[PDB]
Amino acid sequence: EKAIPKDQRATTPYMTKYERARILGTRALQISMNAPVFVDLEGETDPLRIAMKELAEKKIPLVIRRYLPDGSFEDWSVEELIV
Amino acid sequence: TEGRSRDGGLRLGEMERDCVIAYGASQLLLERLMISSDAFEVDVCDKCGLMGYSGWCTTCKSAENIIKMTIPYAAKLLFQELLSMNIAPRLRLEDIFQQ
Amino acid sequence: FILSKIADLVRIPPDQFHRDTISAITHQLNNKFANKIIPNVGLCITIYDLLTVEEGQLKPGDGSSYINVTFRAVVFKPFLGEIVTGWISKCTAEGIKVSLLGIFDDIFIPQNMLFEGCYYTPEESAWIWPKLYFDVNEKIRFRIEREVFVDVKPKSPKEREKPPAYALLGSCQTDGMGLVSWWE
Amino acid sequence: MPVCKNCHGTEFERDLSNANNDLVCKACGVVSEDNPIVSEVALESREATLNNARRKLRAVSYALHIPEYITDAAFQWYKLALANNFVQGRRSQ
Amino acid sequence: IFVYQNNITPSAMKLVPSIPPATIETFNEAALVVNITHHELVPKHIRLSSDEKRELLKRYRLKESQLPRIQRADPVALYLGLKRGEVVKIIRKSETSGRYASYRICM
Amino acid sequence: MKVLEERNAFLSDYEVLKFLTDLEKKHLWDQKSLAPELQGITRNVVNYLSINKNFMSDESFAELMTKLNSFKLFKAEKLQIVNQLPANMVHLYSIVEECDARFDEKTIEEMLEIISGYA
Amino acid sequence: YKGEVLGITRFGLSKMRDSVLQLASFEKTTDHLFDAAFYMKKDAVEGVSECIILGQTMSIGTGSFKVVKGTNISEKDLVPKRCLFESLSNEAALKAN
Amino acid sequence: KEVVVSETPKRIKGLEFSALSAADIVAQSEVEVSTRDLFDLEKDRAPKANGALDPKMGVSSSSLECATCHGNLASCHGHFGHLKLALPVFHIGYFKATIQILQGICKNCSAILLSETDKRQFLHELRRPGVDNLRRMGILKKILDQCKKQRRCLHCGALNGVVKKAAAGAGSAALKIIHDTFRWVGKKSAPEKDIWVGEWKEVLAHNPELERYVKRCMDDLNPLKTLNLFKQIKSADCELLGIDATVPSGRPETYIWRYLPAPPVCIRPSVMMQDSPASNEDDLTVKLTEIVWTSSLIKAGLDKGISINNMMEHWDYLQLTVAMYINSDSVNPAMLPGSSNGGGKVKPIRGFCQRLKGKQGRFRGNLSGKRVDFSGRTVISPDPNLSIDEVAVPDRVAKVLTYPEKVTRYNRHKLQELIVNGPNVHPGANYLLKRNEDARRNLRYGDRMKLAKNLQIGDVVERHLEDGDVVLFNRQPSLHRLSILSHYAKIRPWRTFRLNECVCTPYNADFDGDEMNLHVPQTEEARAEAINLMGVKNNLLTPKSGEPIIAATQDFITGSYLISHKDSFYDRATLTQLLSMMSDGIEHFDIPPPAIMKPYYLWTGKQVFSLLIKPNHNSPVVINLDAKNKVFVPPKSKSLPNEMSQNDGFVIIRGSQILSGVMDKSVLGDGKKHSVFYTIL
Amino acid sequence: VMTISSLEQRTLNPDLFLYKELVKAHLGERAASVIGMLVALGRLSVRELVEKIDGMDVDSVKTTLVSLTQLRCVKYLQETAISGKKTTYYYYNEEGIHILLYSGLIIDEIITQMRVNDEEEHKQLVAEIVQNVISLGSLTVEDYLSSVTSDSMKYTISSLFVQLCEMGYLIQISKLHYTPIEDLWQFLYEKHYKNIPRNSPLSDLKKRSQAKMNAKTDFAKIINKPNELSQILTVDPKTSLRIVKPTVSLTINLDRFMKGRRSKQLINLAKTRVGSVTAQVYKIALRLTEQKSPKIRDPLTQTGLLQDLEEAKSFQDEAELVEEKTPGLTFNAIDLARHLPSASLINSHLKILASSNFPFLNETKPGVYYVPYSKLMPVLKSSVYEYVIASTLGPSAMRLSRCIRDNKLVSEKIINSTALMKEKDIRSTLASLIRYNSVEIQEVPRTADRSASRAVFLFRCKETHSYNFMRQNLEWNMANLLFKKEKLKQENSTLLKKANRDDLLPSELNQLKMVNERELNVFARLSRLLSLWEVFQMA
Ligand SMILES: [Zn+2]
Ligand SMILES: [Zn+2]
Ligand SMILES: [Zn+2]
Ligand SMILES: [Zn+2]
């Protein structure tokens, strides 16, 4: 009942529909707190939209963690994952 | 408060509230039925869970084991309602991080 | 003095994410401890080492970063009886309350093993032995014996200092003690 | 009554424009309280005699078509009139 | 295993379950006329070996309990004579998708 | 938060002062950069630690063990010798159990010549 | 789901669900609370109509997975350091014992 | 100094229910209400010395401090109060449970009356690790009547019988309980009954009045005697009945009232003082403040005077009262009320169980149904020109409906400017909150300007609203998953909520006079939750049928039809202007070859509508499809393809050009799988 | 609030609240907390304990549990299911804390055997003996006498030799000695239903009473096996005198202490209604018969079997004759001048037996001077309550309660006549009596569906209750008191370690006298209670 090792993973490699949500929201919120922005920021502004702008580039540095029912945990890197 | 005249605010009914569940939004509820309506800090006591003001648990005089956390004021009002009537929603607590 | 291992959950705000992680962990830890005293052990000095930091788990409500770690930070924990430098600070009739410049005032050595023959006079010696009086702001070798951990944060709302949370005690059972030039 | 926690001015104004109803100082513009909480919606010889005297009193009142108002002023005189026990042994009328 | 004719006395169930190591199975005569497992709606059930459970539970990482429950003293139960802690693999053929299967534990 | 090993590693001050001074050099280096609140204790810490050395070395710590490993000092005075009292006469006798007792002449004396090797 | 066919009414809605607040969010709200606390029901909070009460997050949808940021560090900097305070002072206690 | 401060974020895991003990109450509240009521009329209007109201219990108006934790209505959550009560009044809440706990114990020696290891069997059955709540209750349903059918108790030697809950429903008897000597059958010897008749021989023969006329009452249990009885088995079984005793609660004795918990003032706020002395009471403030009275009656009573007859009916009135305090139930058991009565027959005396309970009460209509903040309500009106997934919002509710923003590093040269506008003009802000967490600064006094010249990083401003702010939008009684949607808001003049007609169908929006609800979110991550997940574009379909629920309706169909009408034609000027109007500007159109050539030039409607789909050559939309609009007319059956028909036909599209047939609902028409605005998606 | 009447510790804890202090106060920490769980939740198993206590499994439970067993504070029953394995389970040893709770009184057991050497080293000797025998557990004269010095006269140094028997002192305790009496009845319930020569399903009566009689008659020798067994008492080795078996471990008998202390309370009751001469006579009259009678011993199976509204009579009438005939042979018939200081001719002075009349003794076999018991002892105990509600509520209370004694269910209208006093008193001294229960209430609906005022009220006694919650006396100061002993200790706790190794300061000597008089109150206060306790809990 620990983190499943890197190679073997059982889950869809696609995003969920909800993943795209909380990734933006959380990321956008971290942008509104003064965090460095990795994508080149074009002349636009406001926290949420530059996050979308960033997820076009897969430059988000987060790891999404999936708990199966038993609590067998799980990991995926946002870069590693396909829209 | 209610309607026009007095002052603003609108209704989210259980008939409606369910809607956002289907979409699956957690954060929209916690913004909605929590942050934006009654945002409230209750000080509770881990040991023998009950509420309390500032530092004291007051059922067990401690000023030690209290933990500050937030909760809908309707929910507290539901406790002080209950606990008035004889019944005791004791709150067992655990930390979020690290299991 | 010594070095010890503690584990704690630490919060880095989004600001420092440019700065390297381990430095931010260090900075926040010093912000949390520094002078502050961890109870029933005795006060820290600063973070010394660091180790086994792992993937940090954030919370839905906020979105700052939360990483729980463990390490060894330098604390002040001497052994029991110890002859050590210091001087009387604020005292009237009892065993002298010594301090040490730039640490704390909480070392209090009462008079029990302190030499019996003495006389007290409103001057600067508390008690004068047959060998004599000493003076505040002086190199003074005094032994340590026991320590009192007290917490005492029982604020009863309508009471709106007594901070001996960590205090040490000893006495002078041998010569050269209370004035260093008696020995040497 | 209270003082600004910053400007230390005593002049407070409750802005009714935008349906906040905040209380603020005209000095530094800090608010005192937001969220303007508002409300909405035995055995005695003296209770018997008194309320009985609002009965008998109000009786003779609208008989004369006097203001019902004045009755309350008179009644309380009767109250003070009982305080000296002047009202005990005479004809109630 | 034997069958009733008409009456079931509560004296029969008073002590029905005498034998600890062995047991009874009791039916009404009328209760068996058409064979229920063979009927139409009731799909084919498979009693899976007691070891095969462990396999199953390790597939989905399911503990016990927390499975679809079949009540005991059920006509399909009785026909297949399930006991405590036994698991049946049901093949339900329903034309929306096709033939698929799901599991149930006897309680 | 939760504490694991309280009594853990007994740390006397040899390079500890030097190392704290090193971390200090990393941020702003105490008083003079002219040519966080953490600064408050450091100048304090280095204070009480510096005065006895005046009123230091690196290898002398490794030099210190050699003949000192031969004594009965256990772990207590064996650290204490580094700092308090000039390893002389009754000073060293004032601490450890059975200090003079069995072992006397070379044991109380060699502390003087070895402490002269550093202090 | 359970063995016997049931559900959806105020009676059948007490079937599995142990949550006393949702069975108390529905009907008979009084005696669910009383008769509940009499038997001293434990009542874990896993639900949804449950969690919206206490205002904590939800176990479905967006609330299905904790999200984590990579802390991005290697053990190379994590090795401790001392020049042995202990080991040198050790050998004074290693004899006459 | 300064010991380290440590905390860890916690969330609720489970709610342990229990009754409070008899002790824990008085171990809680600050002050006994006790005393009397009176609410001290003298000096101040009801300064409330001690008594039911009390400054150190809580407060009501924002006037005076709270004593224990003061600071008025801001920080005082209320405190409790504990009403001392003479004699152990019975309890209506746990009542029917008390009929169990008492149902299942012999009435003499009060040992659990099921016996031996059988009782242990009931135990071993419970603790089996996989037992759920339902299993529990069922097992209790067994263990209970298993002891019913017992007759004589095990080691007491005495017998017992049914306990019937005397009468029903009135409140006269409803709180009185009875068990009796039963199953005697009269032919067998009952030595007990022999004692029983011999008892009355000293009454009837003495006092013949009572005689046998009113008789056969057997006995009852004085709710006093029933706790003297509950005090027996103080361990042993316990849970066999249903109560874990590791004694946090300490057994089945607190079930019946002893110290009655007075609720805070903030639960029972005195109504506004209003003009003139009497402020309206607020329920609980009158009931228990009477319970104090009847209590201190029975305390001064039973002390010296009264009588065993004139004792009880008071005490009965006590349990009937407090029952009416936590419930309604019993209504008028031929009683009428006492001090502070009226008596014009005021029905809804119930103050408590119901405010918690039903219809739109607390629990549902209030806590789960919370009325919300940052909203708006308005009549609607169509706006075709506005795109989908926007809601035109009237600027006059945009001034007063604000969104929070944390200005950081990217926002300044907007926001340090956005303040200087001030709250009056639209593209601006009103409230401002510094990082120093004071309270906040309304923009009221003045400054700004030299105020905006600071605006540190972590500071918070509140924008009015702009184009692009994500706003979720609700309509009516909401039939299904599509009511709540979310739109990029765009600000316009006049006043009304303008959506695009295409989205009327999810709302089943009729226009006419119906009203809406406009909800902005607040926290930065609820936004990205809204437009991204709950927004229009991705929710373009329906949850149940996987079928397009937003499309052209009414004008859009028919107008499209009239362009699609095979009869129609156009010309390069007219067409050019159409193919423009379709997109207000902004686009590069490549005109395809005209349908017919020679006797002028023309372009058939299937083209001017076809280019709608693939305006550019770079618009990466390539379709193809067949369909059937309605009123399809079967062709000459010799012709197999239905495309050729008496009129129109299949709509068959290839290479994103329309080929045959008119369109007319169906293909663009909201609710058939095969469809254009479906297939494109 | 104010903590002086101490509510937190003051109500929700009856019964057990005693023990959880005793084992705490008298043993402490982990050793205590188990028994609290045991008594509270009843039957329990080794592993299952730690599911709750949070007591660091198979460490304390092992240590603490067997530690209790050595002091026999727990009951111990193990068996295996039919499925397999094996398992134990535990109960709290009957009273057994009874032993601890009495203690120095069980030391006062010396006074019976105090004869021969009177207030000698012999006193201090046997004192040390018994006070050690309770402290350890079962003892052996071999291993204890081994711990005792050799090379002195062993039957003398340890002179309690034939005196090891008497009534009290010791019995070899093994196995079936301490097992739940109930469950040993259930075990003996085998061999009878379990063993039937597969005869017929007909007439469970032959299956029952036969089995029960066999159960009963086999049960008899089960308790009489410990009663006395000669292979202990009889042993007379060479160069020696008659001794117990020095090998087997023997333990303090509780019931002969029970018996003997009960005799004292009868000496008190009679010490009222007769004269000091006749009293003292009766005081030595039991001393011959104080051995045999069961007191608390015979009801026995009355715990552990369902009664029968028929057969329970066959139990009670069995108790009616039990001590009367055959044990009557052991009882007073002709006895002469046991000690005594009346003088000169002692015979007619012995004829004083007839002076005993009410409400005890005063029967015999027709004309031999004898006292019945098997009728008397049972028909006696029912009287003993008496006072215990005189200073309590005031004397004016008794007579009306006492009045409610003779007649029954009697309305206060004719109470006002039968007893005598104005209303103003009767209302209080009754109401003041009813809150403390006893009298209880009856009522009848009078022209009512169910109503208060229009009805009429009656009273009663129902003595089971009235006796029963007088066991509040148990939780009363046998708990609160003993705690007021405990919380006192922490004041001088820092002094206690000093006074331990002392055998300084004037104020230390002052609080010495303070805490000492304090103590001498708390325990003598206890004995005052316990003397009032012995009645209710048993007999
Ligand atoms: Zn607490
Ligand atoms: Zn101000
Ligand atoms: Zn307060
Ligand atoms: Zn009974």
# chains A, B, ... in the order shown; residues from 1 in each chain; ligands from 1
call {"tool": "residues_near_ligand", "arguments": {"ligand": "ligand 2", "cutoff": "6 Å", "atoms": "only C-alpha atoms and all ligand atoms", "output": "list in words"}}
result
residues 4, 6, 7, 8, 9, 25, 27, 28, 29 and 30 of chain D
call {"tool": "closest_atom_pairs", "arguments": {"of": "chain G", "to": "chain F", "cutoff": "7 Å", "atoms": "only C-alpha atoms", "output": "CSV"}}
result
residue,atom,partner,partner_atom,distance
G:85,CA,F:11,CA,5.9
G:86,CA,F:10,CA,6.7
G:88,CA,F:65,CA,5.5
G:89,CA,F:78,CA,5.8
G:90,CA,F:75,CA,6.6
G:91,CA,F:69,CA,4.8
G:92,CA,F:69,CA,4.5
G:93,CA,F:74,CA,4.1
call {"tool": "write_last_selection", "arguments": {"atoms": "N, CA, C and O atoms", "output": "PDB file, in the first residue's frame"}}
result
ATOM      1  N   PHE G  85      31.860  14.686  16.609  1.00  0.00           N
ATOM      2  CA  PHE G  85      31.935  15.248  17.953  1.00  0.00           C
ATOM      3  C   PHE G  85      32.039  13.962  18.747  1.00  0.00           C
ATOM      4  O   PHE G  85      33.044  13.691  19.406  1.00  0.00           O
ATOM      5  N   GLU G  86      30.968  13.178  18.687  1.00  0.00           N
ATOM      6  CA  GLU G  86      30.969  11.837  19.259  1.00  0.00           C
ATOM      7  C   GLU G  86      32.169  10.899  19.216  1.00  0.00           C
ATOM      8  O   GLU G  86      32.753  10.595  20.262  1.00  0.00           O
ATOM      9  N   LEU G  88      35.343  10.927  18.491  1.00  0.00           N
ATOM     10  CA  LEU G  88      36.587  11.243  19.181  1.00  0.00           C
ATOM     11  C   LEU G  88      36.436  11.113  20.689  1.00  0.00           C
ATOM     12  O   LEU G  88      37.258  10.454  21.337  1.00  0.00           O
ATOM     13  N   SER G  89      35.396  11.718  21.258  1.00  0.00           N
ATOM     14  CA  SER G  89      35.088  11.592  22.674  1.00  0.00           C
ATOM     15  C   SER G  89      34.597  10.203  23.058  1.00  0.00           C
ATOM     16  O   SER G  89      34.431   9.930  24.252  1.00  0.00           O
ATOM     17  N   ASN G  90      34.358   9.329  22.080  1.00  0.00           N
ATOM     18  CA  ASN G  90      33.821   8.005  22.367  1.00  0.00           C
ATOM     19  C   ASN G  90      34.806   7.173  23.181  1.00  0.00           C
ATOM     20  O   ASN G  90      34.426   6.551  24.180  1.00  0.00           O
ATOM     21  N   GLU G  91      36.078   7.162  22.777  1.00  0.00           N
ATOM     22  CA  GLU G  91      37.028   6.200  23.321  1.00  0.00           C
ATOM     23  C   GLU G  91      37.375   6.460  24.781  1.00  0.00           C
ATOM     24  O   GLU G  91      38.000   5.602  25.414  1.00  0.00           O
ATOM     25  N   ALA G  92      36.991   7.612  25.333  1.00  0.00           N
ATOM     26  CA  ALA G  92      37.125   7.814  26.770  1.00  0.00           C
ATOM     27  C   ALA G  92      36.159   6.949  27.568  1.00  0.00           C
ATOM     28  O   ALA G  92      36.460   6.610  28.718  1.00  0.00           O
ATOM     29  N   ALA G  93      35.011   6.595  26.990  1.00  0.00           N
ATOM     30  CA  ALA G  93      34.036   5.724  27.636  1.00  0.00           C
ATOM     31  C   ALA G  93      34.168   4.268  27.206  1.00  0.00           C
ATOM     32  O   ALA G  93      33.376   3.429  27.653  1.00  0.00           O
TER      33      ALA G  93
END
call {"tool": "residues_near_ligand", "arguments": {"ligand": "ligand 1", "cutoff": "10 Å", "atoms": "only C-alpha atoms and all ligand atoms", "output": "MDAnalysis selection string"}}
result
chainID B and resid 44:52 56:66 90:91
call {"tool": "write_last_selection", "arguments": {"atoms": "C-alpha atoms", "output": "PDB file, in the first residue's frame"}}
result
ATOM      1  CA  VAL B  44     -12.652  23.158  18.578  1.00  0.00           C
ATOM      2  CA  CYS B  45     -10.833  20.771  20.899  1.00  0.00           C
ATOM      3  CA  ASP B  46      -9.346  17.592  19.491  1.00  0.00           C
ATOM      4  CA  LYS B  47      -9.706  15.773  22.789  1.00  0.00           C
ATOM      5  CA  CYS B  48     -13.441  15.365  23.513  1.00  0.00           C
ATOM      6  CA  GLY B  49     -14.540  17.242  20.427  1.00  0.00           C
ATOM      7  CA  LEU B  50     -16.675  20.301  21.060  1.00  0.00           C
ATOM      8  CA  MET B  51     -16.493  23.925  20.088  1.00  0.00           C
ATOM      9  CA  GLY B  52     -15.134  26.823  22.085  1.00  0.00           C
ATOM     10  CA  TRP B  56     -10.702  27.428  25.951  1.00  0.00           C
ATOM     11  CA  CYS B  57     -12.541  24.185  25.335  1.00  0.00           C
ATOM     12  CA  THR B  58     -14.498  24.959  28.523  1.00  0.00           C
ATOM     13  CA  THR B  59     -15.751  21.423  28.916  1.00  0.00           C
ATOM     14  CA  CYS B  60     -12.155  20.494  29.673  1.00  0.00           C
ATOM     15  CA  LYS B  61     -10.309  23.609  30.703  1.00  0.00           C
ATOM     16  CA  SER B  62      -7.192  23.318  28.593  1.00  0.00           C
ATOM     17  CA  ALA B  63      -6.179  26.223  26.385  1.00  0.00           C
ATOM     18  CA  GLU B  64      -3.934  23.650  24.749  1.00  0.00           C
ATOM     19  CA  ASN B  65      -5.586  21.091  22.505  1.00  0.00           C
ATOM     20  CA  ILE B  66      -7.770  23.494  20.463  1.00  0.00           C
ATOM     21  CA  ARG B  90     -18.459  15.257  19.026  1.00  0.00           C
ATOM     22  CA  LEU B  91     -15.991  15.922  16.222  1.00  0.00           C
TER      23      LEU B  91
END
call {"tool": "residues_near_ligand", "arguments": {"ligand": "ligand 3", "cutoff": "10 Å", "atoms": "only C-alpha atoms and all ligand atoms", "output": "PyMOL selection string"}}
result
(chain B and resi 52-54) or (chain C and resi 157) or (chain H and resi 30+55-59+65-73+75-80+264-266)
call {"tool": "residues_near_ligand", "arguments": {"ligand": "ligand 4", "cutoff": "7 Å", "atoms": "only C-alpha atoms and all ligand atoms", "output": "ChimeraX atom specification"}}
result
/H:106-111,113,153-158
call {"tool": "write_last_selection", "arguments": {"atoms": "N, CA, C and O atoms", "output": "PDB file, in the first residue's frame"}}
result
ATOM      1  N   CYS H 106     -35.427  -6.414  33.799  1.00  0.00           N
ATOM      2  CA  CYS H 106     -36.419  -6.763  34.799  1.00  0.00           C
ATOM      3  C   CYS H 106     -36.612  -5.598  35.758  1.00  0.00           C
ATOM      4  O   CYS H 106     -35.684  -4.854  36.074  1.00  0.00           O
ATOM      5  N   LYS H 107     -37.834  -5.456  36.243  1.00  0.00           N
ATOM      6  CA  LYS H 107     -38.232  -4.266  36.967  1.00  0.00           C
ATOM      7  C   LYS H 107     -37.927  -4.357  38.451  1.00  0.00           C
ATOM      8  O   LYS H 107     -38.259  -3.433  39.197  1.00  0.00           O
ATOM      9  N   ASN H 108     -37.327  -5.452  38.911  1.00  0.00           N
ATOM     10  CA  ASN H 108     -37.030  -5.550  40.331  1.00  0.00           C
ATOM     11  C   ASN H 108     -35.534  -5.428  40.578  1.00  0.00           C
ATOM     12  O   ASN H 108     -35.056  -4.359  40.971  1.00  0.00           O
ATOM     13  N   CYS H 109     -34.778  -6.496  40.336  1.00  0.00           N
ATOM     14  CA  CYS H 109     -33.348  -6.426  40.604  1.00  0.00           C
ATOM     15  C   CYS H 109     -32.581  -5.781  39.468  1.00  0.00           C
ATOM     16  O   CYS H 109     -31.389  -5.505  39.626  1.00  0.00           O
ATOM     17  N   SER H 110     -33.236  -5.550  38.337  1.00  0.00           N
ATOM     18  CA  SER H 110     -32.714  -4.726  37.256  1.00  0.00           C
ATOM     19  C   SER H 110     -31.367  -5.247  36.757  1.00  0.00           C
ATOM     20  O   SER H 110     -30.405  -4.508  36.578  1.00  0.00           O
ATOM     21  N   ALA H 111     -31.329  -6.556  36.551  1.00  0.00           N
ATOM     22  CA  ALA H 111     -30.247  -7.177  35.812  1.00  0.00           C
ATOM     23  C   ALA H 111     -30.769  -7.501  34.426  1.00  0.00           C
ATOM     24  O   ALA H 111     -31.956  -7.774  34.240  1.00  0.00           O
ATOM     25  N   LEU H 113     -32.077  -9.305  31.575  1.00  0.00           N
ATOM     26  CA  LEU H 113     -32.866 -10.464  31.957  1.00  0.00           C
ATOM     27  C   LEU H 113     -32.777 -11.613  30.963  1.00  0.00           C
ATOM     28  O   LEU H 113     -33.404 -12.650  31.194  1.00  0.00           O
ATOM     29  N   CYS H 153     -37.451 -13.064  35.964  1.00  0.00           N
ATOM     30  CA  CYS H 153     -36.053 -12.688  35.814  1.00  0.00           C
ATOM     31  C   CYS H 153     -35.148 -13.790  36.327  1.00  0.00           C
ATOM     32  O   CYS H 153     -35.587 -14.669  37.074  1.00  0.00           O
ATOM     33  N   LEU H 154     -33.880 -13.745  35.934  1.00  0.00           N
ATOM     34  CA  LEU H 154     -33.013 -14.888  36.152  1.00  0.00           C
ATOM     35  C   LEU H 154     -32.622 -14.994  37.621  1.00  0.00           C
ATOM     36  O   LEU H 154     -33.039 -15.941  38.291  1.00  0.00           O
ATOM     37  N   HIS H 155     -31.835 -14.059  38.148  1.00  0.00           N
ATOM     38  CA  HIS H 155     -31.395 -14.237  39.524  1.00  0.00           C
ATOM     39  C   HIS H 155     -32.197 -13.397  40.514  1.00  0.00           C
ATOM     40  O   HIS H 155     -31.914 -13.427  41.716  1.00  0.00           O
ATOM     41  N   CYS H 156     -33.181 -12.629  40.051  1.00  0.00           N
ATOM     42  CA  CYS H 156     -34.041 -11.925  40.994  1.00  0.00           C
ATOM     43  C   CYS H 156     -35.138 -12.796  41.564  1.00  0.00           C
ATOM     44  O   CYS H 156     -35.510 -12.613  42.724  1.00  0.00           O
ATOM     45  N   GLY H 157     -35.684 -13.712  40.775  1.00  0.00           N
ATOM     46  CA  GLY H 157     -36.784 -14.541  41.215  1.00  0.00           C
ATOM     47  C   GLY H 157     -38.120 -13.890  40.940  1.00  0.00           C
ATOM     48  O   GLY H 157     -39.140 -14.572  40.820  1.00  0.00           O
ATOM     49  N   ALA H 158     -38.125 -12.568  40.820  1.00  0.00           N
ATOM     50  CA  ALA H 158     -39.352 -11.855  40.510  1.00  0.00           C
ATOM     51  C   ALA H 158     -39.705 -12.046  39.045  1.00  0.00           C
ATOM     52  O   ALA H 158     -38.856 -12.413  38.228  1.00  0.00           O
TER      53      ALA H 158
END
call {"tool": "residues_around", "arguments": {"residues": "region 161-167 of chain C", "least_positions_apart": "4", "cutoff": "12 Å", "atoms": "only C-alpha atoms", "output": "JSON, numbers by chain"}}
result
{"C": [36, 37, 38, 39, 40, 41, 42, 43, 44, 76, 77, 78, 97, 98, 99, 104, 105, 106, 107, 108, 109, 110, 144, 145, 146, 147, 148, 149, 150, 151, 152, 153, 154, 155], "H": [1, 2, 3, 4]}
call {"tool": "write_last_selection", "arguments": {"atoms": "C-alpha atoms", "output": "mmCIF file, in the first residue's frame"}}
result
data_model
loop_
_atom_site.group_PDB
_atom_site.id
_atom_site.type_symbol
_atom_site.label_atom_id
_atom_site.label_comp_id
_atom_site.auth_asym_id
_atom_site.auth_seq_id
_atom_site.Cartn_x
_atom_site.Cartn_y
_atom_site.Cartn_z
ATOM 1 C CA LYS C 36 11.729 30.270 19.783
ATOM 2 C CA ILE C 37 11.997 27.357 22.189
ATOM 3 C CA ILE C 38 10.652 23.904 21.411
ATOM 4 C CA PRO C 39 9.147 22.748 24.734
ATOM 5 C CA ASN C 40 10.239 19.950 27.108
ATOM 6 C CA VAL C 41 13.580 19.830 25.285
ATOM 7 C CA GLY C 42 14.972 23.369 25.250
ATOM 8 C CA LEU C 43 15.487 26.080 22.715
ATOM 9 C CA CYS C 44 16.881 25.715 19.220
ATOM 10 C CA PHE C 76 20.616 24.141 23.810
ATOM 11 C CA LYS C 77 20.693 21.065 26.031
ATOM 12 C CA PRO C 78 23.636 20.875 28.461
ATOM 13 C CA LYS C 97 19.775 34.704 38.887
ATOM 14 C CA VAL C 98 22.575 34.628 36.353
ATOM 15 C CA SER C 99 22.383 35.468 32.684
ATOM 16 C CA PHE C 104 18.649 34.247 27.872
ATOM 17 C CA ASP C 105 18.041 35.235 31.496
ATOM 18 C CA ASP C 106 16.556 31.930 32.635
ATOM 19 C CA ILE C 107 19.576 30.437 34.431
ATOM 20 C CA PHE C 108 18.758 30.731 38.144
ATOM 21 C CA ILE C 109 21.148 29.225 40.686
ATOM 22 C CA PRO C 110 19.621 29.199 44.193
ATOM 23 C CA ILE C 144 24.273 23.736 36.852
ATOM 24 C CA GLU C 145 22.171 21.003 38.460
ATOM 25 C CA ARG C 146 18.500 20.685 37.450
ATOM 26 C CA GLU C 147 16.129 22.180 34.876
ATOM 27 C CA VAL C 148 12.452 23.133 35.049
ATOM 28 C CA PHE C 149 10.266 22.680 31.984
ATOM 29 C CA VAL C 150 6.984 24.514 32.465
ATOM 30 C CA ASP C 151 4.443 25.323 29.769
ATOM 31 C CA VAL C 152 1.862 27.512 31.529
ATOM 32 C CA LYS C 153 -0.302 29.081 28.817
ATOM 33 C CA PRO C 154 -3.588 29.014 30.823
ATOM 34 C CA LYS C 155 -5.098 32.342 29.895
ATOM 35 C CA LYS H 1 10.874 33.737 25.704
ATOM 36 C CA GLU H 2 8.534 32.704 22.891
ATOM 37 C CA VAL H 3 7.850 28.974 23.010
ATOM 38 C CA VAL H 4 7.369 27.577 19.501
#
